[PDB]
Amino acid sequence: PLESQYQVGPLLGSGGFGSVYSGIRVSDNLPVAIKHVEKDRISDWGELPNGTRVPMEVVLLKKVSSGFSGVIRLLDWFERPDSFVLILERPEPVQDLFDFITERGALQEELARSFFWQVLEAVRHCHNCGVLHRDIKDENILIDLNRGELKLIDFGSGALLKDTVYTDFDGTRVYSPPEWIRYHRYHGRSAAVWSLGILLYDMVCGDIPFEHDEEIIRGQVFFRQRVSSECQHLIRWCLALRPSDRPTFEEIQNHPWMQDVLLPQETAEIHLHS
Ligand SMILES: O=c1[nH]c(-c2ccc(NCC3CCNCC3)cc2Cl)nc2c1oc1ccc(Br)cc12
């Protein structure tokens, strides 16, 4: 029971998500992350197999936990008077994609591809486990710099995956698809693909392509940097205005630009200098 199992360290960051801290498991010194979430700010609750009230975040994390290292692991969690606490694996050394992109600009395509493929594989996993993330974006992807592996994080906005329409969204606006902006309705897989389209553009251009509802609704994509035509094509496809025109994951991964991906480890050697 309790903290004193773990050993709190520097705050890593905070926001509408809550607050996350570096920490060590005192027993075996495992690097972990301690994420605190206030009950008043939680909005989407669910319940466990064993039948108890919890943040959806926790349900979703348990549903997707496993060997698969494309998604952060939930190690344990605790309930408090006015908060919850989640203990998550921490890789060390680690940097999130956003910070990596600020630091290094528009990524080389070889690297964007390794990365993007890894994201794709992580998301497929979530959908295989019945979970839909709803906030795919550079900040919510961690890079394990030794192993050249990407981990997805922050399921605070996600939802059980379903085949019917979604009328709620509390993700990140600029990553949301046109059909949310206009109609306040979307379907899971097609909304995901759109945000992945924003994600790839961000990677290859050093920034997100739309900053305003107007540009989202319009959906014309302008490339501010040299980007190969296959890449441009893949991105424009993911950003088709009509959802059903977007590619499935299978089509994304069978797309020409996605051929001959580097393994994560050879990515690290070549591109993380390690
Ligand atoms: O849920 C999370 N959110 C966040 C998170 C997401 C977005 C942000 N904010 C935006 C970024 C923060 C850093 N880059 C510039 C601005 C901050 C955090 Cl702390 N981090 C983690 C989360 O779970 C983690 C597990 C292990 C580790 Br290491 C980190 C996390």
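Whatever order the structure lists ligands and atoms in, that order sets their numbers, starting from 1. Only heavy atoms go into these numbers, but all of them, side chains included; no hydrogens, no water, no symmetry mates. Note that the numbering runs from 1 along the sequence shown for the chain.
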_With heavy-atom distances below 4.5 Å as the criterion, would you say the side chains of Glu230 and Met258 are in contact?_
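Sidechains of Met258 and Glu230: no contact.
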I need the nearest protein heavy-atom contact for [atom]: residue, atom name and distance, please.
| atom | value |
| --- | --- |
| atom 10 (C) of ligand 1 | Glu139 OE1, 2.8 Å |
| atom 6 (C) of ligand 1 | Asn140 OD1, 3.7 Å |
| atom 2 (C) of ligand 1 | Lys35 NZ, 3.7 Å |
| atom 18 (C) of ligand 1 | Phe17 CE1, 3.4 Å |
| atom 19 (Cl) of ligand 1 | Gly13 CA, 3.6 Å |

*State whether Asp154 and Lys35 are salt-bridged, where the test is any N-O pair (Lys NZ or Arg NE/NH1/NH2 against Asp/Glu carboxylate O) under 4.0 Å.*
yes
*Check if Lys151 has a non-hydrogen atom at a distance under 4.0 Å from any atom of ligand 1.*
no
*Decide whether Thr172 and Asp135 meet the rule of one side-chain donor and one side-chain acceptor closer than 3.5 Å.*
yes
*Do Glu251 and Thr248 have a side chain donor and acceptor closer than 3.5 Å?*
yes
*asked:* Give me each pair satisfying side chain to side chain donor-acceptor pair (under 3.5 Å) with a member in residues 211-220, each pair once, sequence neighbours excluded.
replied: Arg173-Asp213
May I ask you to list the atoms of ligand 1 that are less than 4.0 angstrom from any heavy atom of [X]?
| X | answer |
| --- | --- |
| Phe98 | 15 (C) |
| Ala33 | 25 (C), 26 (C), 27 (C) |
| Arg90 | 28 (Br) |

What I want to know is whether [X] and ligand 1 share at least one N or O pair that is separated by under 3.5 angstrom.
| X | answer |
| --- | --- |
| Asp99 | yes |
| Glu89 | no |
| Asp96 | yes |

*Which one of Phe84, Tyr21, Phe17 satisfies the ring pair (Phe, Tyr, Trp, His ring centres under 6.0 Å) criterion with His36?*
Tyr21
*Give the intermediate values and the outcome of salt bridge (charged side-chain N to carboxylate O under 4.0 Å, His left out) for residues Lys137 and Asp202.*
CA-CA 9 Å; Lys137 47 155 177 198; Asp202 175 61; over 6 Å; no
*Residues forming a ring pair (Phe, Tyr, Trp, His ring centres under 6.0 Å) with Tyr166, sequence neighbours excluded*: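 Ring pair (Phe, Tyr, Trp, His ring centres under 6.0 Å) list for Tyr166, sorted by chain: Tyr186.
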*Selected option - heavy-atom contact closest to atom 27 (C) of ligand 1, from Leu88, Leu142, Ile153*: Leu142
*Assess the pair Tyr175 and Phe210: is the distance between their ring centroids shorter than 6.0 Å?*
no
